[PDB]
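Okay, structure first, notes after.
Atoms within a ligand are numbered from 1 in the order they appear, just like the ligands themselves. One is the number of the first residue; the rest follow in order along the sequence. Note that these values count all heavy atoms, side chains included, but never hydrogens, waters or copies made by symmetry.
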Amino acid sequence: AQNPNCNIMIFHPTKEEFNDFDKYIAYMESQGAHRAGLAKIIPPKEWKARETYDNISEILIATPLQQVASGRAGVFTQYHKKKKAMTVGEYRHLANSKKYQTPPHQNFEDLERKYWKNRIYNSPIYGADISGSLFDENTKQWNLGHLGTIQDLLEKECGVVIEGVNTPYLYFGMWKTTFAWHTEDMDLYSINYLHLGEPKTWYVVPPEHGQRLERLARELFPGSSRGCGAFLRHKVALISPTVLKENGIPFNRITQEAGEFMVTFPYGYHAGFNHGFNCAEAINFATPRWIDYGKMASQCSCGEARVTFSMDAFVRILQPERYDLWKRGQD
Ligand SMILES: O=C(O)CNC(=O)C(=O)O
Ligand SMILES: [Mg+2]
Ligand code: NI
Ligand SMILES: [Zn+2]
């Protein structure tokens, strides 16, 4: 069995290997990359996402989100308070202000220490979930707006034609902006490209051990667990590495820098934070190996998780027994 300790693997494809996306995902899995839940892909030196980032300041962040925490430093939730619209140039200036900028630090480890010590005492503003793409249309390799769609994959594997679309999302971050512990919708893969700016630190639980994280989360968030049998789908709960280690939960960590891709694998729980002003692009995707995970994915039906249009068909075809309850949660 490849990668039996479930370590995060880092890949350096050549320009030739970078042509066929599906083939390279399958290669990484042949080497055991999925056992970690997360892999890093460093593009060949010949490749670029676009020519420059000099002209992005007029993109609008219609609904910036202020991430307000409650709890203790290592075990907290966050809620998202909506703020007035602002452009990417305005948000960049805000991120760089004395109130929000990255503090002086020695290295990524010192900054990680400062994040976990101090996150709860601040409320950073995240420009998340913005439909769009920063890949040039002429970038042919690993262009996250040109991937095979999940609807087409389901149709190829299972024969059923379904409605829905699959487009990328932009994320504009600042120091301390936070992504809570989650798996993807329907336990899909994700791919994330850090286009520019400061790093993103990731934490991940191997898919084979995801239920250990869920059991800890039910202990640590007992009111939320009574409210919903899949409350991590709400994407609000944070647990620090120190608390994970105290409770014996297997996990790994890695820092993504600008110019790098990360892939999350089906049922790989992940969480993390941004180091300073940055911009990422991410999208969900599927492979044949996903189908079995999609069929078994948990679902939130309490009303909180509320998701895209395209998840309807995935539930309806892969999980017909759960469909009626889940759809009630959507309405
Ligand atoms: O970058 C972020 O805020 C969150 N991204 C992801 O959870 C992802 O790419 O799957
Ligand atoms: Mg612009
Ligand atoms: Ni994710
Ligand atoms: Zn719920």
Side-chain angles (χ1 to χ4, degrees), residues 36-41 61 64-65 67 77-78 80 115 124-130 134 144 147 166-205 207 210 214 217-218 221 223-238 254-258 260-286 290 297-305 307-308 311 322 325-327 329-330:
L38 183 68
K40 178 179 291 194
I41 310 93
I61 309 169
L65 304 174
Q67 301 188 294
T77 59
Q78 59 187 12
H80 292 169
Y115 174 85
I125 294 170
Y126 207 175
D129 288 316
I130 296 160
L134 290 170
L144 298 188
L147 303 177
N166 176 205
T167 59
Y169 295 90
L170 301 179
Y171 300 78
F172 291 95
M174 68 168 63
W175 170 235
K176 285 170 174 172
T177 52
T178 302
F179 52 111
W181 282 106
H182 70 285
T183 64
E184 304 302 307
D185 288 345
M186 218 70 187
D187 297 343
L188 282 160
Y189 294 72
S190 66
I191 181 164
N192 181 301
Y193 182 69
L194 191 54
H195 279 283
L196 65 95
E198 303 316 306
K200 188 187 296 288
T201 292
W202 301 67
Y203 306 89
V204 59
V205 174
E214 295 172 349
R218 291 190 301 272
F221 303 98
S224 293
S225 177
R226 287 184 287 273
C228 178
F231 76 94
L232 297 174
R233 294 285 167 205
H234 308 167
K235 308 191 307 187
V236 302
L238 278 302
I254 194 168
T255 299
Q256 177 192 21
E257 299 187 75
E260 305 178 339
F261 289 91
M262 305 300 296
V263 166
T264 83
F265 295 86
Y267 197 60
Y269 274 102
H270 53 285
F273 64 88
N274 295 306
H275 291 207
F277 171 69
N278 64 18
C279 171
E281 180 170 345
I283 197 176
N284 298 116
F285 70 93
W290 167 67
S298 65
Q299 301 301 356
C300 167
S301 311
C302 75
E304 284 299 308
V307 306
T308 183
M311 228 188 100
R322 290 182 170 175
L325 186 70
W326 171 79
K327 198 164 40 62
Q330 240 46 7

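In this pair, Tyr115 and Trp175 present their aromatic rings perpendicular. The plane angle is above 60°, beyond the 30 to 60° band. Below 30°, between 30° and 60°, or above 60°: for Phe273 and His275 the angle between ring planes is below 30°, a parallel geometry.
At a 4.0 Å heavy-atom cut-off, ligand 1 does not touch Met262 at all.
Those atoms of ligand 1 that come under 4.0 Å of a heavy atom in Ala282, given as number and element, are 9 (O). Taking every non-hydrogen atom of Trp202 and a distance limit under 4.0 Å, the qualifying atoms of ligand 1 come out as 8 (C), 9 (O). Within the listing of ligand 1, atoms 1 (O), 2 (C), 3 (O) sit less than 4.0 angstrom from a heavy atom of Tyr126. Shown in contact with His182 at under 4.0 Å from a heavy atom are these atoms of ligand 1, numbered in order with element: 7 (O). Near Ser190, meaning under 4.0 Å from any of its heavy atoms, are these atoms of ligand 1: 8 (C), 9 (O), 10 (O).
When hydrogens are left out, the protein atom nearest atom 1 (O) of ligand 1 is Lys200 NZ, 2.9 Å; that is the closest non-hydrogen contact. The protein heavy-atom contact nearest to atom 6 (C) of ligand 1 is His270 NE2, 3.9 Å. Scanning all protein heavy atoms for the shortest distance to atom 9 (O) of ligand 1 gives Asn192 ND2, 3.1 Å.
When NE2 of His234 and SG of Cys228 are joined through the Zn ion (ligand 4), the resulting angle is 110° to the nearest 10°. Geometry note: the Ni ion (ligand 3) is the vertex, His270 NE2 and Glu184 OE2 are the arms, and the angle is 90° (rounded to 10 degrees).
From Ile254, atom CD1 reaches atom OG1 of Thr201 across 9.5 Å, with rounding to the nearest 0.5 Å.
In terms of distance to the Ni ion (ligand 3), the nearest N, O or S atom of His182 is named NE2.
Using a distance-only test at 3.5 Å, with no hydrogens or angles considered, no donor-acceptor pair links the side chain of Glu281 to the main chain of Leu194.
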